[PDB]
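Residue numbers (the working numbering), protein chains in the order written: chain H, 282 to 389; chain F, 1334 to 1481; chain C, 88 to 161; chain Y, 225 to 272; chain X, 4 to 198; chain A, 22 to 77; chain D, -5 to 33.
Right, one structure below, let's go through it.
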Amino acid sequence: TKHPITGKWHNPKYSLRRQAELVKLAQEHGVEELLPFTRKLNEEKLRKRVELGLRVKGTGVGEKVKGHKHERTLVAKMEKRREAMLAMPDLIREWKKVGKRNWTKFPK
Amino acid sequence: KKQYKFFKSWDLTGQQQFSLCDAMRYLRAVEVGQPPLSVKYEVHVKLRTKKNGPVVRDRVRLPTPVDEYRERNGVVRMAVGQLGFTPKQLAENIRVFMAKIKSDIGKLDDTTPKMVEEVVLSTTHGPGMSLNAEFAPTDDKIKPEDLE
Amino acid sequence: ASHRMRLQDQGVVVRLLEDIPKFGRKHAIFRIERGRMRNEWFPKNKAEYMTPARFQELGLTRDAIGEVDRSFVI
Amino acid sequence: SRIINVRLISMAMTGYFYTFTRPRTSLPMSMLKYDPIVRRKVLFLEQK
Amino acid sequence: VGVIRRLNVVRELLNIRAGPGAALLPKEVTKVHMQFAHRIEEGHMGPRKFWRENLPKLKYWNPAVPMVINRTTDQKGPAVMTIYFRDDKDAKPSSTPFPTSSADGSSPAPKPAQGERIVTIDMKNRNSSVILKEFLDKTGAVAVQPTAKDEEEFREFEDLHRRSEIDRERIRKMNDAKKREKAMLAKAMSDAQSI
Amino acid sequence: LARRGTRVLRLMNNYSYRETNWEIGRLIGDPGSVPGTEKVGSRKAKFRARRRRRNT
Amino acid sequence: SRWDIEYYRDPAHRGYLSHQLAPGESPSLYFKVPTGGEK
RNA sequence: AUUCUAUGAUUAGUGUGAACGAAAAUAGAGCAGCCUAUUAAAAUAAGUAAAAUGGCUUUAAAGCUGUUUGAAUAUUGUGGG
RNA sequence: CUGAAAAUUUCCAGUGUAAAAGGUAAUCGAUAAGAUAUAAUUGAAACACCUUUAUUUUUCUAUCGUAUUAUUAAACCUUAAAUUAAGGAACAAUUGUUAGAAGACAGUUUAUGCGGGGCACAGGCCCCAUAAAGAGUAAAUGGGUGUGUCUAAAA
RNA sequence: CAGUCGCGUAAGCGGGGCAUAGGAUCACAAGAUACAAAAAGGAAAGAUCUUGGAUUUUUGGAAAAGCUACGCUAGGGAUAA
Ligand SMILES: [K+]
Ligand SMILES: [K+]
Ligand SMILES: [K+]
Ligand SMILES: [K+]
Ligand SMILES: [Mg+2]
Ligand SMILES: [Mg+2]
Ligand SMILES: [Mg+2]
Ligand SMILES: [Mg+2]
Ligand SMILES: [Mg+2]
Ligand SMILES: [Mg+2]
Ligand SMILES: [Mg+2]
Ligand SMILES: [Mg+2]
Ligand SMILES: [Mg+2]
Ligand SMILES: [Mg+2]
Ligand SMILES: [Mg+2]
Ligand SMILES: [Mg+2]
Ligand SMILES: [Mg+2]
Ligand SMILES: [Mg+2]
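Here's what the structure looks like:
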């Protein structure tokens, strides 16, 4: 509750731990219907799950897995290897023609 | 005594850039009555390039005739269209020039990729105004209009 | 330049109360060195500290802080 | 100081390499070696 | 050449949108035509200033109307301008044929179409002022008023010219003093060579 | 053209689809010889062309 | 987790989440079944 | 909730090594919750949380701390983990 | 190279102190003349005017840095129940950080081998003999100027 | 054995050199593998494979100078006068 005179939120009279002790104690005696609204209620925990479901990063509803780095760069990796082999015959012809001594194109 | 290896690059945070249509409205007024066949636009594109690096000496065949361009000192100057050019024709006439550059840059080495900093636009008797990537006028009342 | 520099203080916010010359007019908010306010202005009642509580009574907000006007004249 | 260890990079861009030694006052090494990733003989060039 | 250098040189030249000759012409007008000589003689200075001072201010607020100029070498040519005021109650006629500017009189005043009625305005040995007012009162148009920011633009650049002229003479006084002093040094060397 | 243009993506692992490296290597030609080292032409063909250019 | 979901999301293991797939969809949350043809 | 005993555990982990060494959880002993505290206390917490730096502790987090600096306002998703 | 106003760019020739390139043929001259420019000349390159850049130099601003000078005009410090006193003074002093620096002080190492130990010297590996017709085989035993290399195969 | 290259008519030869003298791990650095990812999606830091930089020369691998006649303790005829 936000105090009107002072703009500061007052903690609830019963912490989240104590809220669960009453719900667990009120449910064993069939008096859970009398307790006010609480995020610890058995029906509130279940309604929130069925309504929205899992919302964690990636595997949540509407979320998409990001994939590992070696998975994101898989196609671009195999496309580079494929490009080099296709140009392999033309590279050996220029190498065997120019020769091992006069070759000047080297990786960096 | 001191020396630098770069061309002076000013801060653009406070620059006042104009859209292509808003700019021609200012330029077409200063060239009122001038022979449109003897008045042509021009573009100076400043490049963040090093002095030691090479220069650009390629050519470009624009869609509409107004071509050769050369980088002298961290800038490239060349015409892009006559005064009677409509914004639709003048627009693509610029895109063909920027792409041919960015294509030649990437074609160049990766040691110091020359990136563009600003694009200017002026006429033979008009002021040098900055260009914004936008194309349409900010004023909702005015619309694309072509005339002499 | 660097990603981390020396931590420095920018001053304390104060609201003048006697129209100090060469600094600002009466009821002018700005940041001044803590030395002058703590030793010269506060003892002589020439200004007052602008605490978050003082900002509410005056109705102003933290975005009302001005600047020192060295060219001020009485 | 007289001899150096050079890495011959595969031009297939597979990441395999061979390591040989050669004097400094000589030309870079270039050989036709076997790449176990693609399982074929490709051109291997010195790294630098 | 800083960004603010080019910026101040521009915003000053952007007086096109100002009070002197700017106004929003009505949709009734269709096009304009003018013809005058190159030089300023036999009453030809008026139109020139109207072309370099007030005419550009119209195309900014009226960029749809074509305003063309036809210059010539005949200094005695009739410095007269035509205004196609009537658009046939905005009937939107098909006035496709229309000339373009030139410098040798190659684009004279064409004959108006059926739905067009021109308005002649003579100007010879007359000041641009009397020529300007005759253009607005005749071609009824509302004059746009400047905003406060435009008043600051005029006030700022005005105070700037004070600092500029104050420096134009200052730096001028250091160079001539040097060009004078250095001249004394040259004279001294010449005298030394003689001895 | 059809051989070097083909792309066979397989189910290697983790439901991933990619082209095996050993297949990428056999696009240039079948194993047994190193492409590029083979003489494209024939020595006899070169001799015939040498005369043609001389006759003309 | 990703691996646990993908395990019970495929029909090869008869996972109780396999009914959430399409006949062409893949169990992996990142990879997809490429398309065959010439284009 | 805290406290004590055992298991977890010659474990995770750290360490060049030698060695050091948790927690969750389980079982038992006790069990008690509250602010109107069975002794009389809050108008819900700012130089605080936190950061850089010098140390402690430690697994790099968390926690403690001298120096110089320095936030936000509740699931209608503000703050810490 | 913080930014602003203004200005400056000389090998010979050249109307003359050509900053460079790009674009242009008119621009200025309140109505009468003429000055600029283009042309032509010179040069490798030719000029007004509108643009965007380059070099250098002033003032302003911004940023640092040192010295100097003042300060009940209540920082701090010293004498002083301790003051509108006197003097020093943005120093000194203290805290944190940083670099240097005294065995002044502290902990520890300074080995082992060896016809006793000290001093000296020695330490992995290779070849021959000693070695007694398989292999192996020791000594501060005899032989070696032993050894931490060389080498991509090319005019 | 598999893979794929050279030479040779062929048979076949080739996993360096006529043979016998070049030190690890850790840490560090460069490539690859797709293993695991401390709530979850990534990542970091790890693991496997290949490779480099050492008088670690007391070379199965400590970062290391002396005096004692002021000397002490535990031991030795395993060792001198
Ligand atoms: K362990
Ligand atoms: K911490
Ligand atoms: K023997
Ligand atoms: K995770
Ligand atoms: Mg300070
Ligand atoms: Mg325990
Ligand atoms: Mg040890
Ligand atoms: Mg609280
Ligand atoms: Mg803290
Ligand atoms: Mg944290
Ligand atoms: Mg905390
Ligand atoms: Mg004094
Ligand atoms: Mg000692
Ligand atoms: Mg024997
Ligand atoms: Mg040893
Ligand atoms: Mg051994
Ligand atoms: Mg003695
Ligand atoms: Mg004995």
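Where a beta carbon is used, it is the ideal one built from N, C-alpha and C, also for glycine.
Residues near residue i by beta carbon distance below 7 Å, same chain, minus five either side
i, result
"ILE121(X)", "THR85, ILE86, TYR87, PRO115"
"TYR242(Y)", "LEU232, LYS257, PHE268"
"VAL147(X)", "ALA25, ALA26, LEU27, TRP64"
"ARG3(D)", "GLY9, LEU11, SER12, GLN14, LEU15, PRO21"
"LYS26(D)", "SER20"
"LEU48(A)", "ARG24, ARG25"
Within 8 Å, strictly: CB atoms of residue i and residue j
i, j, result
"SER131(X)", "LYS52(X)", "yes"
"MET369(H)", "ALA236(Y)", "yes"
"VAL99(C)", "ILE116(C)", "no"
"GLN308(H)", "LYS321(H)", "no"
"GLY46(X)", "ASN128(X)", "yes"
"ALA151(C)", "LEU103(C)", "no"
"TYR24(D)", "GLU352(H)", "yes"
"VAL6(X)", "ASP1344(F)", "yes"
"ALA1362(F)", "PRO102(X)", "no"
"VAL262(Y)", "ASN35(A)", "no"
"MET37(X)", "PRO50(X)", "yes"
"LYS350(H)", "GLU344(H)", "no"
"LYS34(X)", "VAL68(X)", "yes"
"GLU1404(F)", "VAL1429(F)", "no"
"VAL1376(F)", "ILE1427(F)", "yes"
Own chain residues within Cβ distance below 8 Å of residue i, not counting five before or after
i, result
"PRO108(C)", "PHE159, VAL160, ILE161"
"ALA16(D)", "none"
"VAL1372(F)", "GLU1364, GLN1415, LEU1416, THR1456, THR1457, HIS1458"
"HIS291(H)", "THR282, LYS283, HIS284"
"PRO1446(F)", "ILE1438, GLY1439"
"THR142(X)", "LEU28, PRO29, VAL32, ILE86, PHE88, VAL122"
"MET124(C)", "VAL99, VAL101, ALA134, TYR136"
Contact belief for residue i with residue j at Cβ below 8 Å, rounded distance in angstroms
i, j, result
"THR1456(F)", "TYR1374(F)", "6 Å"
"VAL1449(F)", "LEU1464(F)", "Rounded, the Cβ-Cβ distance is 11 Å, inconsistent with contact."
"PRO1369(F)", "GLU1481(F)", "7 Å"
"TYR1359(F)", "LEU17(X)", "7 Å"
"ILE228(Y)", "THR249(Y)", "Wrong, their Cβ atoms sit about 11 Å apart, outside the cutoff."
"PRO113(X)", "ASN73(X)", "Actually they do not touch by this definition, with Cβ atoms about 10 Å apart."
"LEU30(A)", "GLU40(A)", "6 Å"
"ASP107(X)", "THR75(X)", "6 Å"
Beta-carbon proximity list for residue i, same chain, < 6 Å, skipping 5 on both sides
i, result
"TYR1402(F)", "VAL1409, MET1411"
"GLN117(X)", "none"
Near ligand 8: residue i beta-carbon under 7 Å from a heavy atom
i, result
"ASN34(A)", "no"
**Message:** Any residue with its Cβ nearer than 7 Å to a heavy atom of ligand 5 should be included. What is that list in chain order?
**Reply:** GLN95(C), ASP96(C)
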